[PDB]
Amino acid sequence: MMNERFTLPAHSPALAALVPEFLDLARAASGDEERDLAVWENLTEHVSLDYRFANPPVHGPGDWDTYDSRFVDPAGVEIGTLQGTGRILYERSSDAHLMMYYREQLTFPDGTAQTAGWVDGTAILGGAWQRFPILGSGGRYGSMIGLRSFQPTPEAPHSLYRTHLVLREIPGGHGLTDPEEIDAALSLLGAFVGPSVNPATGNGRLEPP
C-alpha cells in the first residue's frame, strides 16, 4: 500500500546508520566504546598544489586544481599521503562565494579512504577551517568512517596545512561499495560540516550574480 515515490532508495538504512557513528567520532577520539580507531592530530600537511585559472587574472567558475599531499606527524614521521582534485562549479546567489567540488583519496601504509564534497572557495582564502567526511575504502580502513579537518597555514596557505584525521571502525563496516551510494553517504555526512550550497536570498530568487 506504500507509495513508491515516498519510499526511499534501498541503501537508505545503511546511510542512516552512518549518522549516529559520525556524531560519536569526537567523543571516541577523546579517549572513550572499543572499536578499531585511528586518530592523527596536529599533522602537518605538506601540500603541493597545481592551481589552474580559467580566466587567468582572478579565481572564477571553471578553475580547477590537483594536489598531492603528505601527512607528517609532529615527530616528523610520514603517516600517509593524499591525492586531491577540485573544480569551481558556481557562485552562490546570495553572496557570490566560489563553490567547489572536491574528491580526495587518502593512502595509508595499511589502507585507503576517500573524500568528496563541497568547499566554499571564498572562505578558504579567508583562512577558515574546512572539514570533509571520510569513508574508508580499503585495508584497515575499509570498515571505517571519519573526519578530515584542515586549515591552510597563514605563512604558506598553498603548501602547509594543519590537519587532524579521525577514522573509526563501524561494526561490520559501513557497507557501501557502489560509487553512487558512497557519494550519497558523503553528501549526507557533509550536511553537518559543509558550507551551505545556496542560501535563500532576499529577493526570493536564485538568480546568478
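Counting begins at 1, following the sequence as shown.
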query	finding
Interresidue gap class [residue 155, residue 156; deposited sequence, unmodelled]	none
22-30 versus 46-54 - which carries the larger mean C-alpha B factor in the record	46-54
123-131 versus 100-108 - greater average Cα B-factor per the deposited record	123-131
Most elevated Cα B-factor in the entry, residues 148, 140, 174, 35	35
Which of 144, 160, 39, 182 ranks first by CA B-factor in the deposited coordinates	160
Residue 12 - Cα temperature factor, lowest/middle/highest third of chain	middle
Record-listed C-alpha B factor of residue 85: chain third	highest
Residue 164 - Cα temperature factor, lowest/middle/highest third of chain	lowest
Relative C-alpha B-factor of residue 187, binned into the chain's lowest, middle or highest third	middle
